[PDB]
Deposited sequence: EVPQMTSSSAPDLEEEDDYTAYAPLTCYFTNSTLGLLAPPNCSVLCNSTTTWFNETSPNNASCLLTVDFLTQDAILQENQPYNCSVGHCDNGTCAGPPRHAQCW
């Protein structure tokens, strides 16, 4: 505009412990033009495992922290959806 900020939208998994990055600590984002991936900061919350059912609904999932671009334990117990 004359007063516009630039928006960046990034995509996470919902959980009882907040928005989670993936196990590879690399989030998909989009600017008003393009799609790209950004590495999560160290210690951001990230998904370690999803306790899927063989068969919709929330699942139990375990939650870690990013450590140098990969999700590390020890795990915390959450529900994800």
* **Missing stretches, numbered from 1 on the deposited chain sequence and kept in order** => 1-17, 73-78
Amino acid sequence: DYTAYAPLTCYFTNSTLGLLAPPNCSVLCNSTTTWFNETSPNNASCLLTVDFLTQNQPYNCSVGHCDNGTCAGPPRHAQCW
From here on, numbers count along this sequence of modelled residues.
* To do: Read off the CA B-factors in the entry, average them over 11-19 and over 57-65, and name the higher stretch.
  => 57-65
* Would you mind comparing 20-28 and 66-74 for me and telling me which has the higher average C-alpha temperature factor in the entry? => 66-74
